[PDB]
Structure formats: C-alpha cells, structure tokens
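Here you get one chain, nothing else, as structure tokens; it is the form deposited without the named molecule.
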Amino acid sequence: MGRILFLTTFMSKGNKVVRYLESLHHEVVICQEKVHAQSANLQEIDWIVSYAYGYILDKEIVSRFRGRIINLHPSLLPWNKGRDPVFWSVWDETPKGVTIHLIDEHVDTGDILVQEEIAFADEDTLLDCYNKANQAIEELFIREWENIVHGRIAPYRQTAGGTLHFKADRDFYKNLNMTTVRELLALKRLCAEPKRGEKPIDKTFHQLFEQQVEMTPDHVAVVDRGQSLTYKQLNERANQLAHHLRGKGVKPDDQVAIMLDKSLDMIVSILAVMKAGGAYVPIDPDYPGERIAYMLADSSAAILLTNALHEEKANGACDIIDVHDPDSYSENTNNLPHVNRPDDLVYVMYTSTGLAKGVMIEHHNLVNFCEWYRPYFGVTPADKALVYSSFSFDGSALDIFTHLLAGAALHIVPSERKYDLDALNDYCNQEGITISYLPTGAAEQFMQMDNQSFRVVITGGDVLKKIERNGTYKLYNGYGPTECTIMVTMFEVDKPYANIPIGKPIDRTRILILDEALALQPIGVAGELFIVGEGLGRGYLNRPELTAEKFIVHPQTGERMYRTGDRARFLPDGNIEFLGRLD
C-alpha cells in the first residue's frame, strides 16, 4: 500500500507496530540514526512513524513530510514532554496516559491525533509502568491506524501548560529503575526539595534571648551551686561586659576566646561575646597547653575572656579581659544596638586523625536548632536543665542555648559530679531536673541510677546500644556532626533495637542517602549519609580546600551538601539507620 519509515532508538525492530504495518503490506524501513534530507531512508516515503526516537528531524524534513509524521509518545501530553515521560509521570505525580500526535518544529508540542489515560498500580515497578505504557500506546496505534491513514481524525491542539524533561534530568535518579511507584513516591517525600512559602531565618540568638528576657525577666536563668542569676540579671551583666567588649573593637565575624570552667561567668561571657557582635571560641582550661596554644593560634581571637587562675595558660597570646575585674564591666546595662545578621559567626568549636579543625557555625544555624528543639521536646520555663558537656564541645550549645530561649533554668554541673553520676543523679532528684543531653557513654550509665526528676533525656555521639532504664523518662537518640551544628536527626526510643535508629531530620534539614556517584539510593538501600539545609555551617576556619572537599556542590542538584563520611540507610517508616563508617 505504502512505504513507511519507522524511527526509533530504544524500541526493537520487531515491534507490534512494525509487524502490524507489515501485515497491511507496508514496506517498513527501520532507522535508528539521525538522518538528513539526502538520506536514502527518505526515498519514496509515505508516512514517518517515530517511537522513542532520540533525535530531532531537520526542519527541512518536518516541513516536507508535514501532516505525515506521526509520533508515539507514552505520556498524557502536554504532561511529561521529552525524555523519560513515564518516570517523570510517576515522580512529578502528573496525569498518566499515552499520546499519538503530529510532529512540529518543537519537542512533543504538535497537535494530538489520539490520546488515552493509563493507570499504574502502587505495586508496579517503574519498568512495569514503562512496559504497560508502551504496550498501551502500541495497541492504541494498531486500533487507530486506519483512522489516521485516511485522515478522518481531526487533530486538536494540546492543552496549555504541561511539563518538559531533558535527557540528563534522570541522572540523579539512575538507581531507581526497579523501585516501586510506592517506594519511589516515598523516597520523593523523604528527599525532595522544600515546599514553597519558606523565608530565610531573620534572627540572631541574642535577639531571641533578649526577647525571652522581656517575657520572663524574673525567672531563674542559670544556677551554679547556691548562686543564681535571673534572665534580667544575666542579660544586664552580659550587657555590661558586652559594652566593654564592643568598646575594645569587637565586630561581626570576629573571634573572642573564652577560657573558663563551668560557671555563671562562662554564661555571662558567652552571651557578652554574642551581644558585643563577635563569635566565642571556647577553650577548655584542662586541655594540654599544646592544644590551647594551637587553638589560640589558629583562631584570629585578639581578645581572651578568662580568670587570673587560667590567665597564664595562654602565655600572653592575646589581650586578656578579666571576668573578675570590675573594670571589665561597663555601667550601661541596656541591650546594645544590633549589628549582626543571621549569617554572622556565633561560635567556633574544634574537632581533633590530624590537627584539630575550627568548625565555623553561624547564628541561623544555632537559631534553627533551638527553634526546633523547644517545641519538639515541649520545653517550658517550668523545666530545668544541666550544663553538662564541656563547653568546647557542641553538646554544650544544646545545654545552654536551647533551654535559654525556652525560658528554662540552667544548672551548672561542677567537677565533683561530672563523673560521679550517682551524685549527679541525687542533684537531679533534689533540684528536680527535667531535661538534658548526656553523651552516649554517660547516658548509658545514668540508666543504672534511680531517677524520678527527668522528663526527657537526649543522647548522641557514640553508638547507643542500651535502652533499659530505671526512671520513667522518655529516651531520645540523636545524631549529627559538629559541622552541621550539634545534631541533624532525632529519634524517640520506644522499643529495644539491635540497631537503634538515629531518627528523622530536624526542621529545615534533609538527609540524602547517596551512592559513590552521588546518586539517590532507594529506601532500604545503604549509602553515604549526606546532610542538606539550615544546619550546614560556614566550614573549617582557614581550611578552604578541606571545606571544598567536605562541603560539596552536588553535580546534578547543585545544592550545598555536607559529606559526613558515615554509612546509613532509610527504614520503611522514614527513620534513618546508622551503619558505621565508610572506611
């Protein structure tokens, strides 16, 4: 009857389409390469039928064969134009279907000849969907071919809108071929970009603290043994010191070293550094003089807040401000004029494998964690919390900062009860301590101690393994590197597990389980744990190349992500599971 040119790159040469056309006594020329006008494949051709053809016909050809180029596209056009239509139909959750349409000078925008809806089951693999779609459109072609040949079908223009996808758009999703529709949409819900409407964080910590002071000014802020400071008292004293600090020339992004033991002065010093404008660099006096010297050297801290006791441990490294000298405190008790942005540094903490690296954290990083922490754990002014961790560690940021914005009362943990957890347990039972964070080691011990005061306890760092505890308090296992601010995931331990999961991401953060090629892994499949979102800090101080290494720009996505180097995977219920180091 007529000679037909069948164009395709993916489909076979024995399609139901080809054989059906051949059954009608058509000479079907099959071609799987890009052709030009001179091509012998275009000699005496009546109809061109394209089907998953991965090339564009020259406009010379499309005009010459106008109204005679038919294309089988397994999507409900205008939805999912271009490449991988079925995959993107499932992923973007668009209407499903198959479309036989005309070819124009653009990608899958030509007028429709025939079109019908298709349906994918929640249990179908994407390969099944791909096959079902091809099956459907092939049958449709065989059904409507006679109507198309005689040209009795009225072509109707596509609806406005739809979507388009290019060849490379599926690179990030190359491992999801055998995943189910359900599994795929689940992975989407877990790892897809944040929904619209969100705005950038617009507050610093000392802004929110100063706000909290005006709401609960006479409430106890911090307690050390028999002495205590209210929010108003703490604020005023921190202000007095902060005025003196800013007077010494402290400015945004400037580092200010603090070398003190756990005390009221430490809290005053920290808040004073913030309110002054700079970021505080905590230095444990019990560190070796070597690390202390290095920490002071690496950091650009021109100022050091410390005692006369620990004064000499710095060896005249910097201008010292004595927290016990009344001259170090100004008369002015008012809140200083704000000069900070949320992207200014708030603190620099060090993590020792090599020489210790100064992790840079910004205000918005800390604000996000605190703003998540308060409602998540339902913290109120009624609560009381321990300042347990060394203030050189990020666990102290949890202790001090999260509870101060909740209006709660901090309780300093002295040295005499740092190791004796039975004595600390007595303190907690006496003072009615309700919530706190203990490292995994210490937390596992506190389960042995008989406690009645606690309402919640939070653990993180090393691998949790024990769960059984005497008290009647909720147990929470968290996870996250210092580079991504304290913690990025949190789990409520309800049952015992051989591997206690580290939970789901906190506010404004996403965790992505990627393979070596930085492509998505299906739910339940192991891979490297990548962190994304508000938690990511500025990077390592004075280590730009190492920062570039660990804080990456994803090849496909282009988002800023932190490479943890940890091994993990998502459980079916969304909870993340830690699976040791990569090496």
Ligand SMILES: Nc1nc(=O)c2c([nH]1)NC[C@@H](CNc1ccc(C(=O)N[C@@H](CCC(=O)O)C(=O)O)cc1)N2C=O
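From 1 onward, residues are counted along the sequence shown.
This protein has a second form, the form solved in complex with the named molecule, left out of what is shown; the following refers to that one.
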Can residue 83 be called a contact residue for the named molecule in the bound PDB entry at 4.5 Å between heavy atoms?
yes
Examine residue 107 and determine whether its closest non-hydrogen atom to the named molecule in the bound PDB entry is within 4.5 angstroms.
yes
So, residue 166 and the named molecule: in the bound PDB entry, are they within 4.5 Å at any heavy atom pair?
yes
In the bound PDB entry, residue 98 touching the named molecule (heavy atom, 4.5 Å):
no
Please identify the residue among 48, 57, 532, 518 with any heavy atom within 4.5 Å of the named molecule in the bound PDB entry.
57
Candidate from 513, 257, 103, 409 lying within 4.5 Å of the named molecule in the bound PDB entry - any heavy atom
103
Tell me which of 553-561, 48-56, 518-526, 35-43 has residues with heavy atoms within 4.5 angstroms of the named molecule in the bound PDB entry?
48-56
